[PDB]
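Inspection log for the structure reproduced underneath, given as structure tokens.
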Amino acid sequence: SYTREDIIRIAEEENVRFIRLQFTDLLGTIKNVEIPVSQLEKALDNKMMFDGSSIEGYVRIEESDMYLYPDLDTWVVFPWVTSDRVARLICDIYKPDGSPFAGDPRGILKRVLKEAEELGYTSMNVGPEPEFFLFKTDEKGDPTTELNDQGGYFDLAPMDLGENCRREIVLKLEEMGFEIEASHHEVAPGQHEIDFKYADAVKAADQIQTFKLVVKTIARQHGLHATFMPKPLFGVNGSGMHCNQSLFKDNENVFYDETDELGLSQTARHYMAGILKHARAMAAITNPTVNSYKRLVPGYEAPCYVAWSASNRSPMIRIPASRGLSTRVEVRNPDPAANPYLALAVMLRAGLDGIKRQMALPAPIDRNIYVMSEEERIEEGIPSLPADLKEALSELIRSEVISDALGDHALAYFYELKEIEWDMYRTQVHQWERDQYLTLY
Amino acid sequence: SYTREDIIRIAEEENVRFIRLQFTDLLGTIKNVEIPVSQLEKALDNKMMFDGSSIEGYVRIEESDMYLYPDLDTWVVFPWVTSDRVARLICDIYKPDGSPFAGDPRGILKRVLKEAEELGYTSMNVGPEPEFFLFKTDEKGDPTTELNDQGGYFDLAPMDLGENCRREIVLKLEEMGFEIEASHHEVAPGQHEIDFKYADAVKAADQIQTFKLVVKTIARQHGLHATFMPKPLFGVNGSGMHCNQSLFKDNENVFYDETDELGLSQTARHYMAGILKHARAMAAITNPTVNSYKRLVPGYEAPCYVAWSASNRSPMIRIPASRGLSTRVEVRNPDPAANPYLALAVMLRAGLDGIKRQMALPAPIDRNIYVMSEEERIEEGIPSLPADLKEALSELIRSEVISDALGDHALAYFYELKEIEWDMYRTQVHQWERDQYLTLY
Amino acid sequence: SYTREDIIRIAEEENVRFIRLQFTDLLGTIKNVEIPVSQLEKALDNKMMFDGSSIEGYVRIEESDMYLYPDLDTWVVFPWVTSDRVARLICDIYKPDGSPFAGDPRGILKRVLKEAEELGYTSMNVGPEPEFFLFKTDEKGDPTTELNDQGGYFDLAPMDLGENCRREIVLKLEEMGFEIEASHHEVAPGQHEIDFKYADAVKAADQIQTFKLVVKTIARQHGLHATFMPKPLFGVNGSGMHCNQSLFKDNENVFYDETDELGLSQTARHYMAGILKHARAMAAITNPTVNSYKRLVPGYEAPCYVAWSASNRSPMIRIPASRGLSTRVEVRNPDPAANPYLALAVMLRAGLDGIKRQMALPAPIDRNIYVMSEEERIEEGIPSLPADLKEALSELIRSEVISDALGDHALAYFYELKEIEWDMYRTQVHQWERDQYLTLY
Ligand SMILES: [Mg+2]
Ligand SMILES: [Mg+2]
Ligand SMILES: [Mg+2]
Ligand SMILES: [Mg+2]
Ligand SMILES: [Mg+2]
Ligand SMILES: [Mg+2]
């Protein structure tokens with residue numbers, strides 16, 4: 001941990017001159033304030049103010065004044081090998097009267113963790129597996145369509161030192177103290193997955209966000225463009241954020257049970273059942289982009305269906321073979337464009353709803369695959385994820401659990417943002433139409 | 001502070017070789033004289049002479065001789081990391097007979113501060129929030145139309161070190177001793193806002209001017225073009241230069257009053273009424289360019305209407321939630337192209353007129369927004385700012401307070417400059433006309 | 001004249017295969033319907049229907065159905081030297097219930113002529129002098145900035161046969177049966193003026209419309225672009241439509257009076273006074289474009305002032321030396337972009353208002369020119385035309401005569417149209433601003 005005097009002493013020690021008071025909006029894109037070192041004490045006083053309405057995004061209509069409250073435990077200094085070092089602080093947003101802002105994703109996640117703690121579970125161990133694409137840039141600095149390499153799954157194509165981005169990312173994140181479990185080449189050319197070691201929910205989300213920032217910074221440094229867009233190119237597999245989760249009460253993994261046939265406790269079964277039931281509802285927040293539902297198509301490992309299995313090509317919930325303290329539930333649908341705070345919050349809230357209601361877990365699927373008909377698919381009771389973003393929004397509104405989890409104020413603004421996005425998308429005239437048509441009719 | 005011997009000692013020890021006897025004209029552009037170190041003593045003697053008529057601008061008809069009187073308290077040295085260091089002095093302009101020149105903006109501001117002091121208020125705490133644009137340059141060194149980045153409001157788009165101008169400018173300004181409250185990305189792509197900590201009026205204006213010079217210089221160093229043009233591109237938000245002002249009387253903020261419902265003293269309300277009544281008159285100076293009134297259009301946060309509110313999308317005056325010694329008056333219409341000396345002078349003079357006349361403050365506007373009709377708009381008593389520069393000039397001439405504040409000599413020359421500018425602008429034939437017409441007629 | 005059987009017989013003789021049922025909207029642009037010859041009889045039955053709301057322009061909100069009633073006396077056939085010859089018919093617009101449409105400019109002019117006849121004056125002899133610009137086209141067919149020739153005022157620069165458009169226009173208008181008084185080269189390079197012989201008001205307006213159509217058609221044929229935009233290029237003189245007008249009562253020119261000192265009867269003086277008083281009001285309709293008020297600037301023969309003179313550089317009304325049946329009033333301000341029906345209607349309505357009210361004609365101006373001051377300008381009682389479109393619109397609304405002449409329905413739609421145009425124009429950011437600014441600020 002850290003304290004105010006510790007921060008001041010470290011700033012004096014490291015010659016920190018530049019401070020990034022960080023936070024995030026509902027849209028997920030990293031937001032901040034840049035501060036000189038001479039204001040650091042005032043920063044530690046919980047007194048810095050800013051617009052505040054930026055949380056509502058580009059649809060902000062009325063201005064506010066909102067204060068930044070840093071979390072000292074998240075202090076870190078970037079290793080950018082230059083004089084005038086830069087420091088990072090991750091902050092929460094507070095109203096002028098002192099109460100928390102309802103619409104802050106970190107506030108949402110912490111509220112859901114509080115309501116989890118009230119249920120007796122101390123923490124939620126979360127480990128993500130984000131993948132990113134690197135594209136060669138042009139002379140003006142924009143990404144082109146050609147990838148950085150042409151290797152296959154789990155390859156060594158980015159070898160040597162020439163534009164070896166992956167090694168640089170691993171080393172810088174390690175020097176930042178983040179626990180990197182693995183790093184490797186993913187299915188499509190130019191796709192790199194970075195595995196995190198498991199950590200607490202809030203700090204795991206902070207790890208994901210700082211991961212995105214650092215990966216992009218390094219990519220710009222090597223003359224490449226780093227993108228998390230869930231399906232950048234047609235015909236190649238997209239980017240997934242399989243998240244491994246497990247509940248903890250007093251450093252005890254509640255999911256483990258040697259008496260179970262699969263070694264999964266009843267609490268884990270209720271958790272996964274609750275995740276399954278509200279899956280279509282939570283898709284709108286865990287798959288937030290219009291592009292994301294382009295990735296949920298057959299033939300690219302993408303899980304398009306809601307059923308649980310220990311091992312199958314496309315189930316909603318995968319239960320790994322690791323047991324004991326490492327037994328866990330892997331939810332594979334969410335993608336790197338999704339907000340980690342909101343995604344984890346809705347996952348956990350739906351899971352605790354399932355736990356409280358003691359929902360009956362449906363049977364797992366065998367090696368059986370989903371070439372079956374829709375009549376056969378519904379005969380076995382296997383629903384599917386929403387086809388596109390509009391159905392996801394309608395399901396979100398019709399769902400009374402995750403709407404409560406997001407909160408009344410944030411729900412309206414996120415719904416408005418997604419309505420505007422979808423309205424813009426649906427009225428476009430794409431080139432594919434002019435290819436198919438413009439000659440046939 | 002500083003003295004003559006201190007200045008000489010600092011120049012000797014710091015190896016200062018180059019001196020900028022610096023001041024401003026009515027047009028606002030930074031003017032100066034370059035001097036070698038060997039004349040520094042003569043510079044400290046208040047004996048340097050120059051044309052003097054440069055204050056009148058490009059319409060000077062008869063030549064004068066006017067002496068530069070430096071203000072030693074504003075001495076500073078530029079840190080450009082090179083041998084043969086350069087030094088800055090901010091000077092006032094004096095007639096050969098010793099009397100002050102009537103047309104100097106700094107002289108105008110100091111005269112208005114003197115007439116404020118005669119009213120019992122010791123000083124005016126002023127903190128600006130200017131914004132500037134970065135445009136990528138071409139091979140020949142001219143600004144192009146494409147911005148440097150594409151981030152949203154309060155973003156972290158300019159990350160890393162590659163052409164990261166925000167960190168470098170903040171650090172250089174801090175090495176000047178500048179009190180930088182914040183620095184962040186603004187609403188449009190490529191728009192950067194720098195927040196200053198509060199300071200005295202004359203020092204605040206000097207801070208704004210040296211701030212502009214510093215930002216433009218650093219942009220040149222990074223191969224970028226820095227502009228304050230109030231509306232550089234159609235369809236994007238322009239530049240705002242909100243000034244937060246508050247009267248100080250012997251380390252006492254006269255505006256604060258715990259007995260008030262909103263925490264504004266009667267003197268504060270008189271200030272509000274005085275600024276509101278003469279708003280249309282002062283717009284001609286605080287919005288000097290023809291382009292500025294292109295920014296005062298609906299839909300881009302631009303306040304187009306004269307009414308006061310604690311929180312609204314577009315009122316004349318915003319009163320922040322901060323209270324106590326930090327209660328303030330944020331006037332939002334003035335833009336960075338406006339001369340800070342003249343803008344602050346006219347604001348304070350109109351406000352002091354309101355204070356003396358004890359003008360009755362009209363009611364604030366609620367969350368009600370301004371889709372309401374013009375007949376209703378005048379029914380509710382909500383006037384609007386002048387549509388363009390010509391009406392602003394006519395209102396300025398018809399106003400008997402602001403014309404007095406600028407002074408008889410300076411008023412004529414400012415009016416002549418703006419008449420020439422508007423006459424040049426109105427007779428042009430722009431490309432938009434040839435787009436709409438040249439085919440329809 | 002002509003009749004139904006005459007039209008059918010001529011169509012049989014000339015092998016007319018293509019009919020243009022012509023008309024005009026409030027915008028002035030030529031509109032029509034194309035019909036095959038086999039429907040010609042139905043066309044002569046006044047039974048053809050169309051949208052009708054096209055008269056309101058692009059601001060049409062509710063759809064109608066309106067019938068075309070041709071005027072057989074305006075039948076004419078184009079001499080385009082090709083098989084499958086084409087014929088022209090000029091039509092009025094009628095409601096489905098049989099009543100005239102209020103918003104038709106031809107209907108407006110005919111109503112004003114009817115109210116003139118009710119005053120005892122049989123007709124209005126009108127002869128225009130429109131000028132047009134010819135620009136060289138590029139490869140894709142768009143006009144460039146370079147003119148066709150570089151001759152001076154009244155020149156022979158467009159000589160020979162190579163792209164000698166003026167002769168072609170004169171010859172085709174003569175085969176049209178239109179009476180061409182003269183044709184010559186105008187002040188700026190590339191400007192050709194075509195003088196019409198005098199005709200009745202409605203037929204004169206039809207002559208102007210078909211004149212524009214034929215000139216543009218010929219220019220497209222010669223690989224040139226014909227434009228009537230009043231001030232296409234800065235620094236060159238604009239395009240004017242000096243209109244000569246005189247009232248006729250039973251082939252007797254009421255204006256002539258040998259007893260008058262200058263040979264103008266009291267009726268002519270009242271007419272001129274009525275035109276003078278409502279000049280500012282009628283400018284918005286006789287100078288409709290935003291570009292037109294760019295032409296009303298000093299130094300290019302453009303009349304910018306409301307005063308009458310027999311001979312001066314820039315009076316509102318010019319009285320030529322020709323007398324007897326050739327006495328006339330020449331109104332010089334209206335431009336070729338202005339609707340001829342509307343301009344003639346408002347001119348005549350204001351003139352008859354002056355005649356009825358017996359307005360006292362102010363004194364004429366001598367060779368005195370208008371380098372005199374604004375204080376002098378108002379001292380002599382010489383008003384000026386509105387500076388731009390917005391002032392013209394406000395004056396038009398404040399006027400109770402011209403608004404009545406246009407009619408209640410048409411006034412609202414024209415006002416809305418011009419408000420939209422001016423609103424679009426005022427919020428643009430032109431290149432001239434980025435030239436002056438973007439470096440100075
Ligand atoms: Mg993977
Ligand atoms: Mg996995
Ligand atoms: Mg701002
Ligand atoms: Mg502000
Ligand atoms: Mg002419
Ligand atoms: Mg003439």
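Within each chain, counting starts at residue 1; across the structure tokens, chains are named A, B, ... in the order shown, with ligands numbered 1 upward in that order.
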Using only C-alpha atoms, which residues sit within 7 Å of region 141-152 of chain B once same-chain residues fewer than 3 positions away are excluded, as a VMD selection string?
chain B and resid 134 to 138 155 157 to 158 187 to 190 225
Same residues, C-alpha atoms, output as a PDB file, in the first residue's frame:
```pdb
ATOM      1  CA  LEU B 134      -2.695  22.045 -32.927  1.00  0.00           C
ATOM      2  CA  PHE B 135      -2.571  21.504 -36.680  1.00  0.00           C
ATOM      3  CA  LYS B 136      -0.047  19.415 -38.558  1.00  0.00           C
ATOM      4  CA  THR B 137       2.192  21.523 -40.780  1.00  0.00           C
ATOM      5  CA  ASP B 138       3.237  20.926 -44.373  1.00  0.00           C
ATOM      6  CA  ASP B 155      -9.015  12.331 -23.271  1.00  0.00           C
ATOM      7  CA  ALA B 157      -5.094  10.699 -26.867  1.00  0.00           C
ATOM      8  CA  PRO B 158      -1.733  12.520 -26.910  1.00  0.00           C
ATOM      9  CA  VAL B 187     -14.073  18.902 -26.842  1.00  0.00           C
ATOM     10  CA  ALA B 188     -12.947  19.016 -30.415  1.00  0.00           C
ATOM     11  CA  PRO B 189     -10.086  16.904 -31.756  1.00  0.00           C
ATOM     12  CA  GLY B 190      -6.798  18.740 -31.438  1.00  0.00           C
ATOM     13  CA  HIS B 225       1.052  24.987 -35.679  1.00  0.00           C
TER      14      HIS B 225
END
```
Contacts from chain B to chain A, 6 Å maximum, only C-alpha atoms: show me the residue list as a short mmCIF file (atom, residue, chain, number, x, y, z; two decimals) with N, CA and C atoms, in the first residue's frame.
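The resulting out00.cif:
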```
data_model
loop_
_atom_site.label_atom_id
_atom_site.label_comp_id
_atom_site.auth_asym_id
_atom_site.auth_seq_id
_atom_site.Cartn_x
_atom_site.Cartn_y
_atom_site.Cartn_z
N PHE B 154 -11.80 15.50 -22.58
CA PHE B 154 -10.98 15.03 -21.46
C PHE B 154 -10.33 13.69 -21.76
N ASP B 155 -9.59 13.60 -22.86
CA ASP B 155 -9.02 12.33 -23.27
C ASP B 155 -7.54 12.24 -22.91
N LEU B 156 -6.97 11.08 -23.20
CA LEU B 156 -5.54 10.81 -23.08
C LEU B 156 -4.94 10.48 -24.45
N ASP B 160 2.40 9.09 -24.53
CA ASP B 160 3.79 8.76 -24.82
C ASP B 160 4.69 9.99 -24.83
N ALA B 182 -4.42 22.91 -14.16
CA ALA B 182 -4.76 21.71 -14.89
C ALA B 182 -4.41 21.90 -16.36
N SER B 183 -4.42 20.79 -17.10
CA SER B 183 -4.18 20.79 -18.53
C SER B 183 -4.75 19.51 -19.12
N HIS B 184 -5.57 19.65 -20.15
CA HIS B 184 -6.35 18.51 -20.61
C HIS B 184 -6.78 18.71 -22.06
N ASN B 312 -26.08 25.88 -16.41
CA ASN B 312 -26.89 25.77 -17.62
C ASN B 312 -25.97 25.60 -18.82
N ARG B 313 -26.56 25.09 -19.90
CA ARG B 313 -25.79 24.84 -21.12
C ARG B 313 -25.19 26.13 -21.67
#
```
Give me, as a tab-separated table (two decimals) with N, CA and C atoms, in the first residue's frame, the set of residues whose atoms come within 7 Å of any atom of ligand 3, counting only C-alpha atoms and all ligand atoms.
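Result file result04.tsv:
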```
chain	number	residue	atom	x	y	z
B	129	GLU	N	-9.05	30.31	-18.57
B	129	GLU	CA	-9.04	28.93	-19.04
B	129	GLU	C	-8.97	28.91	-20.56
B	130	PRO	N	-7.82	29.28	-21.13
B	130	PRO	CA	-7.71	29.34	-22.59
B	130	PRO	C	-7.54	27.96	-23.21
B	131	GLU	N	-7.88	27.87	-24.50
B	131	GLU	CA	-7.74	26.66	-25.31
B	131	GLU	C	-7.09	27.03	-26.63
B	186	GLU	N	-9.55	19.03	-25.00
B	186	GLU	CA	-10.84	19.70	-25.02
B	186	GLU	C	-11.78	19.00	-26.00
B	193	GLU	N	-6.68	22.63	-23.61
B	193	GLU	CA	-7.00	23.69	-22.66
B	193	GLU	C	-5.96	23.71	-21.56
B	240	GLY	N	-12.81	28.58	-26.26
B	240	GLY	CA	-13.35	29.36	-25.18
B	240	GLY	C	-12.25	29.80	-24.22
```
Mind pulling up the distance from CA of residue 420 (chain C) to CA of residue 284 (chain B)?
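Straight-line distance from CA of residue 284 (chain B) to CA of residue 420 (chain C) works out to 26.1 Å.
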Computed interatomic separation between CA of residue 280 (chain A) and CA of residue 357 (chain A) (Å):
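Separating CA of residue 280 (chain A) from CA of residue 357 (chain A) is a distance of 18.4 Å.
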Within region 366-438 of chain C, find each residue whose DSSP state, derived from the backbone, is alpha helix (DSSP H), and express the selection as a ChimeraX atom specification.
/C:374-379,389-398,402-406,408-426,431-436
List all protein, DNA and RNA residues that have at least one atom no more than 7 Å from any atom of ligand 2, counting only C-alpha atoms and all ligand atoms, and write them as a compact mmCIF listing (two decimals) with N, CA and C atoms, in the first residue's frame.
```txt
# COMPACT_ATOMS: atom_id res chain seq x y z
N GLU A 129 -8.14 -12.41 -20.32
CA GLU A 129 -7.25 -12.82 -21.41
C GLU A 129 -7.53 -11.95 -22.64
N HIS A 242 -11.98 -13.56 -22.85
CA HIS A 242 -12.31 -14.60 -21.88
C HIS A 242 -11.88 -14.14 -20.49
N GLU A 330 -15.03 -19.68 -16.69
CA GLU A 330 -14.51 -18.85 -17.77
C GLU A 330 -15.66 -18.41 -18.67
N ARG A 332 -16.61 -16.39 -21.92
CA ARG A 332 -15.81 -16.16 -23.11
C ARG A 332 -16.40 -15.13 -24.05
```
Pick out the residues sitting within 9 Å of residue 300 (chain B), and hand them over as an MDAnalysis selection string; count only C-alpha atoms, and ignore anything fewer than 5 positions along from it in its own chain.
chainID B and resid 235:238 295
How about saving the chosen residues, N, CA and C atoms kept, as a compact mmCIF listing (two decimals), in the first residue's frame?
```txt
# COMPACT_ATOMS: atom_id res chain seq x y z
N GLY B 235 -18.20 23.11 -38.11
CA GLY B 235 -18.66 21.83 -37.63
C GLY B 235 -17.97 21.33 -36.38
N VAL B 236 -16.96 22.03 -35.88
CA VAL B 236 -16.29 21.67 -34.64
C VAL B 236 -16.39 22.85 -33.69
N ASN B 237 -16.34 22.55 -32.39
CA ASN B 237 -16.42 23.61 -31.40
C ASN B 237 -15.18 24.48 -31.47
N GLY B 238 -15.36 25.76 -31.14
CA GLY B 238 -14.28 26.72 -31.19
C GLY B 238 -13.50 26.78 -29.89
N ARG B 295 -18.31 31.65 -33.95
CA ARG B 295 -18.35 30.69 -32.86
C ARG B 295 -19.63 30.81 -32.05
```
Between CA of residue 75 (chain A) and CA of residue 203 (chain A) - distance in Å to one decimal
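Interatomic distance here is 11.7 Å.
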Among listed residues A:132, A:52, A:109, A:353, nearest ligand 4 (using only C-alpha atoms and all ligand atoms)
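Distance minimum relative to ligand 4 lands on A:52.
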